[PDB]
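Let me begin by presenting the structure, written as structure tokens, before commenting on it.
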Amino acid sequence: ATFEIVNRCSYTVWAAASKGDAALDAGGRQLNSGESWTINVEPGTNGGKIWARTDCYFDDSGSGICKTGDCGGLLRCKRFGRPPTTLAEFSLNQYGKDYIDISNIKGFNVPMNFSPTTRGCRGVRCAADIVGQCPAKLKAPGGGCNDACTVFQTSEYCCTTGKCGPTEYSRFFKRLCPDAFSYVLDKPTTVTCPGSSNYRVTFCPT
């Protein structure tokens, strides 16, 4: 499947793409404002994620640091990134279908649209000003708005037992972005698309 990753933000982002134990395609790249990066993701990929990283410094070896979404100090991510990270999540060719979503379970850093570029399903978006409105206890100094699990490390916020409810913090994310997951047991906002669809991820869509 092809994913076109577009930075419409006024600032540079460093895009990342991983399935947790491996890079997808090159795994990461700098995107200046307006740049597009096209990647190929192998059919059948389960548990893939794309995200943006902000305020990164990398040397000529591809080693450094980002203030949001850092993946072990590498330009080319092999592992998932450090919260806060707005997440585009996907599983492809799962019994004939593709499944896509946006999640705020690991917080929010950059606004995002995640849409098919082929026919047969709709896209999802979280484009509200979550960072500006972020509750004081969840604000990340590096930028972004952390989820409550990251901050407080409780069974309730992390849904450790598999029983948990919504919280004052999850409801904040949900009020601003109803079409994104706000906690682990949120009512699913996953979209089902035809198997082998292609997609576009747009940072700062509005």
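Scheme for the structure tokens: letters A, B, ... for chains in order shown; per-chain residue numbers from 1; ligand numbers from 1 in order shown.
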Applying 7 Å and only C-alpha atoms, which residues near residue 127 of chain A remain after dropping the ones on its own chain fewer than 3 positions away? List them as an mmCIF file with N, CA and C atoms, in the first residue's frame.
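Output contents, as saved in part-v7.cif:
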```
data_model
loop_
_atom_site.group_PDB
_atom_site.id
_atom_site.type_symbol
_atom_site.label_atom_id
_atom_site.label_comp_id
_atom_site.auth_asym_id
_atom_site.auth_seq_id
_atom_site.Cartn_x
_atom_site.Cartn_y
_atom_site.Cartn_z
ATOM 1 N N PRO A 111 -1.757 18.290 14.895
ATOM 2 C CA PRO A 111 -3.036 17.926 14.288
ATOM 3 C C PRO A 111 -2.863 17.092 13.032
ATOM 4 N N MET A 112 -3.851 16.242 12.725
ATOM 5 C CA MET A 112 -3.689 15.221 11.688
ATOM 6 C C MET A 112 -5.016 14.868 11.026
ATOM 7 N N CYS A 204 -1.292 19.058 10.180
ATOM 8 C CA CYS A 204 -1.925 20.384 10.120
ATOM 9 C C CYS A 204 -2.849 20.566 8.918
#
```
List the neighbours of segment 89-105 of chain A out to 6 Å using only C-alpha atoms; skip same-chain residues closer than 6 positions along the sequence, and give me the result as a PDB file with C-alpha atoms, in the first residue's frame.
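The new file result_21.pdb reads:
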```
ATOM      1  CA  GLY A  44      -0.653  -7.567   5.666  1.00  0.00           C
ATOM      2  CA  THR A  45       1.148  -5.125   7.974  1.00  0.00           C
ATOM      3  CA  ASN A  46      -0.539  -5.290  11.396  1.00  0.00           C
ATOM      4  CA  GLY A  47      -0.136  -2.583  13.997  1.00  0.00           C
ATOM      5  CA  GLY A  48       1.558   0.107  11.933  1.00  0.00           C
ATOM      6  CA  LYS A  49       1.757   3.699  13.163  1.00  0.00           C
ATOM      7  CA  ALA A 180     -10.036   9.781  17.825  1.00  0.00           C
ATOM      8  CA  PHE A 181      -9.537   7.188  20.592  1.00  0.00           C
ATOM      9  CA  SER A 182      -9.319   8.980  23.931  1.00  0.00           C
ATOM     10  CA  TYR A 183      -8.606   6.009  26.226  1.00  0.00           C
ATOM     11  CA  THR A 190     -11.916   2.649  13.673  1.00  0.00           C
ATOM     12  CA  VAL A 191     -12.856   2.928  10.003  1.00  0.00           C
ATOM     13  CA  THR A 192     -13.095  -0.163   7.832  1.00  0.00           C
ATOM     14  CA  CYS A 193     -11.732   0.281   4.282  1.00  0.00           C
ATOM     15  CA  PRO A 194     -11.395  -2.182   1.397  1.00  0.00           C
ATOM     16  CA  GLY A 195      -8.260  -4.343   1.591  1.00  0.00           C
TER      17      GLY A 195
END
```
ask   = Where does DSSP see strand (DSSP E or B) in chain A, if you list the residues as a ChimeraX atom specification?
value = /A:2-7,13-18,23-31,36-40,48-58,63-68,74,87-94,97-103,108,112-116,124-126,139,145,181,191-194,199-203
task = Skip residue 144 of chain A itself and residues of its chain fewer than 4 positions away, then list as a PyMOL selection string all residues within 12 Å of it, counting only C-alpha atoms.
result = chain A and resi 52-55+67-69+82-86+104+106-111+129-140
Excluding segment 7-11 of chain A and residues on its chain fewer than 4 positions from it, collect all residues at most 8 Å away from it, counting only C-alpha atoms, and give them as a CSV table (one decimal) with C-alpha atoms, in the first residue's frame.
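And here's around02.csv as it stands now:
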```
chain,number,residue,atom,x,y,z
A,31,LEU,CA,9.5,17.2,6.0
A,32,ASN,CA,9.7,20.9,5.6
A,33,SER,CA,6.5,22.9,5.3
A,34,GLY,CA,4.6,21.7,2.2
A,35,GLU,CA,6.8,18.6,1.5
A,36,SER,CA,5.3,15.2,0.7
A,202,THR,CA,-1.7,15.2,6.4
A,203,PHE,CA,-0.2,17.1,9.3
A,204,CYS,CA,-1.9,20.4,10.1
A,205,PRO,CA,-4.7,19.7,7.7
```
Length of the atom CA of residue 174 of chain A to atom CA of residue 162 of chain A vector [Å] =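 For atom CA of residue 174 of chain A relative to atom CA of residue 162 of chain A, the distance reads 19.8 Å.
With only C-alpha atoms as the basis for measurement, A:70 is the residue among A:168, A:70, A:186, A:156 that approaches residue 13 of chain A most closely.
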